[PDB]
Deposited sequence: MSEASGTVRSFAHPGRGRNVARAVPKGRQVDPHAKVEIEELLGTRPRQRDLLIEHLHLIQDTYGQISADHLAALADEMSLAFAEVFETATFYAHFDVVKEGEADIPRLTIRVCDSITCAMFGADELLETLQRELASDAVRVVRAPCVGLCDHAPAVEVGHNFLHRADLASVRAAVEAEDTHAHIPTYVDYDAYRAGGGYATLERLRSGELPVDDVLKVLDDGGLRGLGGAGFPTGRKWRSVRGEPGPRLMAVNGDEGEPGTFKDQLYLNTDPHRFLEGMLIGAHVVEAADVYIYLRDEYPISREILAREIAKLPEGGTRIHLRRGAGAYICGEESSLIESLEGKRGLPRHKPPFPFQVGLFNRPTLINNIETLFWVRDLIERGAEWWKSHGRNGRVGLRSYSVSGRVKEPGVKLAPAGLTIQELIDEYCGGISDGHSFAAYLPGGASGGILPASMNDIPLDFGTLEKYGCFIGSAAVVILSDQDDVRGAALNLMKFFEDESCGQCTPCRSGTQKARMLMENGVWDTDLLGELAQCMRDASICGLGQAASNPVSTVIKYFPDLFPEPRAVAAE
């Protein structure tokens, strides 16, 4: 019995510092991973694998997973909590209910009553066995209001059909009928690609057809696809390719359409690009909200002969992962934080290798542009523009949906010639030419050709051509608030003008009166100092609403 110089008024930790790894959760995650690689760039997939198996990511599983992958606790927690679809449950936290119901609250579904539907589905159905939550646009705006029950997306949903899907345990995704490998080959599929590969079709011929056709980035930025392809292949190898299937832009849904109808057309246009730039592996990054598209691509990639390795990856609820550098970061198993330019992805991208990145739709058209030539593509067009373009039209139209139509249509032409005009009892008031990011234009400016370039004069851009039509029954200022709420949630948090700016603007826009001057100074700062295009375009709704709808600000400054 010996004294000691310490204070003697504290007790030592029974265990080492921090939280510990549980032996049962370690055994369970050992069993769950099987022989899958414990490499870092599979972190998001293994988090999908714990969430899909157990319905949640408990901390005891998260800790076993970081230990199995040699990662720090903060690295896995950092990454997991970045993505909206991962439920991390700590000590003292309840478990996630067995069934999850997600109700979209983006602009189009909100126009058809999404907020009230969320409240109604919450009072009537939420319980210990059902969780009811909001979600951003899930690419079903032509079926607004969209609601997800498990992995089953209900179109034009109400309480009756969602109640019927729950009580029927109707929670799996319904796979439609599509053009499969046998049917695709019977229509001459995988012919242009094989001629390109074998040697008869020269690679320089492919690059020439693209430059002549003028195929531009259908993901929204409109960069010339041939110019990009030459740039990637003009870089020292090894090179890689990544397919952007995030389609997270509210109002956009053309990629989901082409995937669920004719997937191998996209797969061949992809494998063509993979051959032009000599990519060892291709990565398809499909957003989590497309489980129908996920099962279709899983089935059809397996039907392909054994060539280029195709890695199908799965998003986890994050609109920022549609930015090329953020998608790359997400593919490497990290938080989706955009990188700083320069360098650009075509030179230092996925795994610091020169990386070719293309949108689902851009690759979809490669096969046809080659077999039919550039002059067939440039034959279509309107008002001085050339080429085809897929417009995702939602809102107050009689016939919403993807409209493959000539580039350069006016919004008046796109609505009367392709969408049956405005809905019954609505008058054309405003439209979003480029989804959330492209700003809000009034109905009186309906004579502006819609294509890359034509809208910048007006502070807008066509972007992904997510066309949303609003009417006099809709609220234009409430439209811009819904878009700011979206960006405030989607902002990856990296930099001040976007992280704080989106939040500050949303807070200001909820006052009865808008302080347009302060929003003006902030908008200027956001597009001038934000790192990436999310913050650079987040204020585009507010700026255009202030400029093009003076009647919506009666009060004096």
For this chain, which runs of the deposited sequence have no C-alpha coordinates, given in order from the N-terminus? 1-9, 316, 568-572
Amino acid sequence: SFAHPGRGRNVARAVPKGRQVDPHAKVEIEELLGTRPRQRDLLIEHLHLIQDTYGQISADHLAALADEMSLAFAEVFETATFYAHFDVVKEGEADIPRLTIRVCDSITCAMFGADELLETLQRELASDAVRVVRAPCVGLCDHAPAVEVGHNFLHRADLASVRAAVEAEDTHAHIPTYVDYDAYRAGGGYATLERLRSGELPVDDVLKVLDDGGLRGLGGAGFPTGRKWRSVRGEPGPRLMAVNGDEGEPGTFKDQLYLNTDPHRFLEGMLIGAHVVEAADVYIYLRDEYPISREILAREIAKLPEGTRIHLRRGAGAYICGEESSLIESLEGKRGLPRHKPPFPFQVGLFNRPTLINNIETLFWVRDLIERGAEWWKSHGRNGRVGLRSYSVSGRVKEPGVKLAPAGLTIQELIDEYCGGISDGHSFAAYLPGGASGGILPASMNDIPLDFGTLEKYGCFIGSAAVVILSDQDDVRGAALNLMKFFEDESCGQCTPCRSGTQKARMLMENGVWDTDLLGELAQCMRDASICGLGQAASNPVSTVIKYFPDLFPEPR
From here on, numbers count along this sequence of modelled residues.
On average, which has the higher Cα B-factor in the deposited entry, 135-143 or 366-374? 366-374
For the stretches 73-81 and 213-221, which has the higher mean C-alpha B-factor as given in the deposited record? 213-221
In this PDB entry, which of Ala160, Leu483, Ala318, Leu327 has the top CA B-factor? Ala160
Just say lowest, middle or highest third for the CA B-factor of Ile272 relative to the other modelled residues in its chain. highest
Lowest, middle or highest third: which one holds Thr177 when the chain's residues are ordered by CA B-factor from the entry? middle
Compare the C-alpha B factor of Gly512 with those of the other modelled residues in its chain, then answer lowest, middle or highest third. highest
B-factor third for the C-alpha atom of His340 within its chain: middle
Considering every modelled residue of the chain and its Cα B-factor in the PDB entry, is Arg7 in the lowest, middle or highest third? middle
